[PDB]
Ligand SMILES: Cc1cc2c(cc1C)N(C[C@H](O)[C@H](O)[C@H](O)COP(=O)(O)O)c1[nH]c(=O)[nH]c(=O)c1N2
Ligand code: SF4
Ligand code: FES
Ligand SMILES: [Cl-]
Ligand code: NA
Ligand code: NA
Ligand code: NA
Ligand code: NA
Ligand code: NA
Ligand code: NA
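Residue numbers (the deposited numbering), protein chains in the order written: chain A, 5 to 160; chain B, 1 to 418.
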């Protein structure tokens, strides 16, 4: 049915073998799956459940609770934009407008080429450098459209 | 050069040169650089002391918890060791409260200060397994800690029989996945056990029953970071730092409408006005301060800036998180943003919290957009005052607090929306 590629199952095992108990590796395993596929593929949950020795029900409940995980839309690059108090005061709306101008999309949306998804997030813990956004693991202050444009050009 | 994700360079400044001695510089300080400033020597000293003596120094330091409840650290460790082992040690690195970005700079720039304090702390309480739980939106920190932990192992500060003391320790690093509740200590533990982050009814406290039912100390990153200093200087010198009653360095994350936003290591006798004007360089455009939001906990007006930044009955308290709003900033729109945070972060266990956080935000948006009925207004008032009942953690206790304060201190601005 659904089996994980060899290069990926290796990494999941690394995670599972890392903590004293297998089940502690669920969040790291799910970060890995999402890093590999662009999202959490719904068919990945059953095989992972078996590797963690957990019920499928349990795993699905976990995916639902943790916001970073996305079971709906594949994207090569997730642009996490902070929509909390400080970034709002300092121009979250200017960043979103600039993202619309450049990429043609709004929060929740994916480019048609499946390259960028914009994900509104809560405070990213960089409030002094507001307004804040992440492109996958990379984090940045927004300054201008021109500056935004140059940064995004680095993601191919 | 070992490359980590891009991180903004948060500005950091210190008058005390302690938790920020290295972290005032926006770069990773690795083990050789840490060893050169006498790093890991407080560990070596601590390993020549009894666990009990360490507990006793930390107690006499008057060190209190920096995750924002201010519980005495030495007393917490005493409670854990009065219960039978095995015992567990957890560094709480979830930092997800709005306006809060101080714990991350220690992690990213001075990982070894933190690691050193974890080892001393673990030995003090007899724990042979420790954990850092770091939020998932802190990827660079995760990778920086993993590498620093390996450096520490290579140089022999982790593993079995650390420096011939007979004391074993492994530090495991866990990541979060988008939930502020997983910063609440019991919810954090549930997540470490591979579950959803639902808080447990307390008591029991984790020091009695925590990870796998066993005695567990949860301490905040910054709390732990003070431990190497207490062992290094002695408890007497630590208590000479700042006020007699509020001893030690405090990190203050200053954000919003200020000229110099960032992290300030200051003593606790500092006032809120001194933080914004003396340290953070005043306001953007020299506009008048309207309000300070203490993270998502409290709202101070411009008439309450000359309070001290201590746990004083009349002090700022909280975590010293200073978000500044100036005269042209819509307080109602700001409250909405605070309402939206709690709505996204309630775990749903308690019913008044689940529905109250939802409805507070839903109704406050109706108000903000001018589409609220008379009843929508009166309902909003009611729910804001009734999120707390039956709540098992502090989220539901505070989710209406800041907003209530805006209603009471900025009534004229709310009436404009009516
Ligand atoms: C909603 C919510 C959220 C958080 C907390 C509490 C609550 C109710 N706590 C505090 C936590 O429960 C506990 O006090 C600390 O983990 C222990 O810290 P000390 O080291 O004693 O300060 C908390 N503490 C911390 O270290 N980091 C965090 O991000 C949070 N977040
Ligand atoms: S008070 Fe709210 S966040 Fe806390 S346990 Fe209850 S429902 Fe969850
Ligand atoms: S409010 Fe946006 S990073 Fe904190
Ligand atoms: Cl602090
Ligand atoms: Na972040
Ligand atoms: Na270095
Ligand atoms: Na988290
Ligand atoms: Na959310
Ligand atoms: Na809105
Ligand atoms: Na209505």
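C-beta atoms are modelled at their ideal positions from N, C-alpha and C, and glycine is treated no differently.
Going by beta-carbon coordinates alone, are residue i and residue j separated by less than 7 Å?
{"i": "residue 347 (chain B)", "j": "residue 396 (chain B)", "result": "no"}
{"i": "residue 117 (chain B)", "j": "residue 249 (chain B)", "result": "no"}
{"i": "residue 37 (chain A)", "j": "residue 29 (chain A)", "result": "no"}
{"i": "residue 93 (chain B)", "j": "residue 31 (chain A)", "result": "no"}
{"i": "residue 185 (chain B)", "j": "residue 206 (chain B)", "result": "yes"}
{"i": "residue 106 (chain B)", "j": "residue 221 (chain B)", "result": "yes"}
{"i": "residue 95 (chain B)", "j": "residue 295 (chain B)", "result": "no"}
{"i": "residue 320 (chain B)", "j": "residue 309 (chain B)", "result": "yes"}
{"i": "residue 80 (chain A)", "j": "residue 112 (chain A)", "result": "no"}
{"i": "residue 33 (chain B)", "j": "residue 88 (chain B)", "result": "no"}
{"i": "residue 254 (chain B)", "j": "residue 322 (chain B)", "result": "yes"}
{"i": "residue 173 (chain B)", "j": "residue 146 (chain B)", "result": "yes"}
Exposed or buried, residue i, counting other C-beta atoms within 10 Å across all chains shown (16 or more means buried)?
{"i": "residue 102 (chain B)", "result": "buried"}
{"i": "residue 77 (chain B)", "result": "buried"}
{"i": "residue 454 (chain B)", "result": "Here chain B comprises residues numbered 1 to 418, so residue 454 (chain B) is not present and cannot be evaluated."}
{"i": "residue 375 (chain B)", "result": "exposed"}
{"i": "residue 285 (chain B)", "result": "exposed"}
{"i": "residue 1 (chain B)", "result": "exposed"}
{"i": "residue 166 (chain B)", "result": "exposed"}
{"i": "residue 390 (chain B)", "result": "exposed"}
{"i": "residue 327 (chain B)", "result": "exposed"}
{"i": "residue 69 (chain B)", "result": "exposed"}
{"i": "residue 160 (chain B)", "result": "exposed"}
{"i": "residue 110 (chain B)", "result": "buried"}
{"i": "residue 201 (chain B)", "result": "exposed"}
{"i": "residue 405 (chain B)", "result": "buried"}
{"i": "residue 48 (chain A)", "result": "buried"}
{"i": "residue 73 (chain B)", "result": "buried"}
{"i": "residue 61 (chain B)", "result": "buried"}
{"i": "residue 226 (chain B)", "result": "buried"}
{"i": "residue 415 (chain B)", "result": "exposed"}
{"i": "residue 133 (chain B)", "result": "buried"}
Just checking residue i against ligand 2 - is the residue's beta carbon closer than 6 Å to any of the ligand's heavy atoms?
{"i": "residue 350 (chain B)", "result": "yes"}
{"i": "residue 396 (chain B)", "result": "yes"}
{"i": "residue 391 (chain B)", "result": "yes"}
May I ask whether a heavy atom of ligand 5 can be found less than 6 Å away from the beta carbon of residue i?
{"i": "residue 145 (chain B)", "result": "no"}
{"i": "residue 97 (chain B)", "result": "no"}
{"i": "residue 13 (chain B)", "result": "no"}
{"i": "residue 143 (chain A)", "result": "yes"}
Quick check: is any heavy atom of ligand 9 less than 6 Å from the C-beta of residue i?
{"i": "residue 365 (chain B)", "result": "yes"}
Quick check: does the Cβ of residue i come within less than 6 Å of any heavy atom belonging to ligand 4?
{"i": "residue 251 (chain B)", "result": "yes"}
{"i": "residue 64 (chain B)", "result": "no"}
Ligand 10 and residue i: does the residue's C-beta get closer than 6 Å to at least one heavy atom of that ligand?
{"i": "residue 376 (chain B)", "result": "yes"}
{"i": "residue 160 (chain A)", "result": "no"}
{"i": "residue 115 (chain A)", "result": "no"}
Ligand 8 and residue i: does any heavy atom of the ligand fall closer than 6 Å to the residue's C-beta?
{"i": "residue 344 (chain B)", "result": "yes"}
{"i": "residue 56 (chain B)", "result": "no"}
With a threshold of 6 Å, establish whether the CB of residue i neighbours any heavy atom of ligand 3.
{"i": "residue 127 (chain A)", "result": "yes"}
Under the criterion of a Cβ to heavy atom distance below 6 Å, does residue i qualify as lining ligand 7?
{"i": "residue 182 (chain B)", "result": "yes"}
For ligand 6, any of its heavy atoms closer than 6 Å to the Cβ of residue i?
{"i": "residue 33 (chain B)", "result": "yes"}
Meets three-Cβ-pair contact criterion under 8 Å: the stretch 16–24 of chain B and the stretch 109–118 of chain A
Contact fails: fewer than three Cβ-Cβ distances are below 8 Å.
Between the stretch 24–49 of chain A and chain B, which residues of the former have a C-beta closer than 9 Å to a C-beta of the latter?
Within the stretch 24–49 of chain A, the qualifying residues are 24, 25, 26, 27, 28, 29, 30, 31, 32, 34, 35.
Any residues in the stretch 121–137 of chain A with a beta carbon nearer than 8 Å to a beta carbon of chain B? Which ones, in chain order?
Listed in sequence order: 125, 126, 127, 128, 129, 130, 131, 132, 133, 134, 136.
When you check each C-beta in the stretch 100–127 of chain B against every C-beta of chain A, which residues fall closer than 7 Å?
Cβ proximity to chain A below 7 Å picks out 100, 101, 104 from the stretch 100–127 of chain B.
Report yes or no: do three or more beta-carbon pairs, one from the stretch 4–12 of chain B and one from the stretch 139–152 of chain A, lie closer than 8 Å?
At 8 Å Cβ cutoff, the stretches touch.
Is it the case that the stretch 133–145 of chain B contacts the stretch 57–72 of chain B, given that we only count it when at least three CB pairs across the two stretches are under 8 Å?
Output reads no: the stretch 133–145 of chain B does not touch the stretch 57–72 of chain B.
Determine which residues of the stretch 171–191 of chain B have a Cβ less than 8 Å from any Cβ of chain A, and write them out in chain order.
Along the stretch 171–191 of chain B, going in chain order, the ones with a CB nearer than 8 Å to a CB of chain A are 172, 174, 175, 176, 177, 178, 179, 180, 191.
Is the stretch 255–262 of chain B in contact with the stretch 276–284 of chain B, if contact means three or more CB pairs nearer than 8 Å?
With the rule of 3 Cβ pairs closer than 8 Å, the stretch 255–262 of chain B counts as touching the stretch 276–284 of chain B.
Determine, using beta-carbon pairs with one atom in the stretch 63–76 of chain A and one in the stretch 97–106 of chain A, whether at least three such pairs fall under 8 Å.
Verdict: no, contact absent.
Residues from the stretch 71–87 of chain A in contact with chain B, defined by Cβ distance under 8 Å:
Of all residues in the stretch 71–87 of chain A, only 71, 72, 73, 84, 87 come within less than 8 Å of chain B when Cβ atoms are compared, listed by chain position.
Counting pairs of Cβ atoms below 8 Å between the stretch 70–77 of chain A and the stretch 79–90 of chain B, do you hit three or more?
In short, these stretches do not touch, since the Cβ pair count stays below three.
Residues in the stretch 253–270 of chain B having any Cβ partner in chain A nearer than 8 Å
Under the 8 Å Cβ criterion, the stretch 253–270 of chain B contributes 253, 254, 255, 256, 257, 261, 262, 263.
At least three beta-carbon pairs within less than 8 Å, the stretch 396–410 of chain B to the stretch 369–385 of chain B
Cβ pair count under 8 Å is three or more, so yes.
Using 8 Å as the Cβ pair cut-off and three pairs as the minimum, do the stretch 51–58 of chain A and the stretch 155–174 of chain B touch?
Flag = no, the stretch 51–58 of chain A and the stretch 155–174 of chain B do not touch.
Does the structure place the stretch 295–306 of chain B close enough to the stretch 262–279 of chain B that three or more beta carbon pairs sit under 8 Å?
Verdict: yes, contact present.
Can you list, in chain order, the residues of the stretch 326–344 of chain B whose Cβ is nearer than 7 Å to any Cβ on chain A?
Residues of the stretch 326–344 of chain B that bring their beta carbon within less than 7 Å of a beta carbon in chain A comprise 329, 334, 337, 338, 341, 344, in sequence order.
Please list the residues of the stretch 49–65 of chain A that have a C-beta atom closer than 9 Å to any C-beta atom in chain B, keeping them in chain order.
Along the stretch 49–65 of chain A, the positions whose C-beta sits under 9 Å from a C-beta of chain B are 56, 58, 62, 65, read in chain order.
Any C-beta of chain A within less than 8 Å: which residues of the stretch 140–161 of chain B qualify?
From the stretch 140–161 of chain B, only 140 have a Cβ closer than 8 Å to chain A.
Quick one: which residues of the stretch 89–122 of chain A get their C-beta closer than 8 Å to a C-beta of chain B? List them in chain order.
With the criterion set as a beta carbon lying under 8 Å from some beta carbon of chain B, the members of the stretch 89–122 of chain A are 89, 90, 92, 93, 94, in sequence order.
By the 7 Å beta-carbon criterion, what residues does the stretch 4–16 of chain B contribute toward chain A?
Residues of the stretch 4–16 of chain B that bring their beta carbon within less than 7 Å of a beta carbon in chain A comprise 5, 6, 7, 8, 10, 11, in sequence order.
Interface residues of the stretch 21–36 of chain B facing chain A [CB-CB below 9 Å]
Within the stretch 21–36 of chain B, no residue qualifies.
Within 9 Å of chain A by C-beta, residues of the stretch 346–376 of chain B in sequence order:
Within the stretch 346–376 of chain B, 347 place their CB atoms closer than 9 Å to a CB of chain A, listed in sequence order.
Do three or more CB pairs link the stretch 334–344 of chain B to the stretch 360–373 of chain B at distances below 8 Å?
Flag = yes, the stretch 334–344 of chain B and the stretch 360–373 of chain B touch.
Identify each residue in the stretch 300–324 of chain B for which the Cβ-Cβ distance to at least one residue of chain A is less than 8 Å, and report them in chain order.
Those residues of the stretch 300–324 of chain B placed with their C-beta closer than 8 Å to a C-beta in chain A are 323, ordered along the chain.
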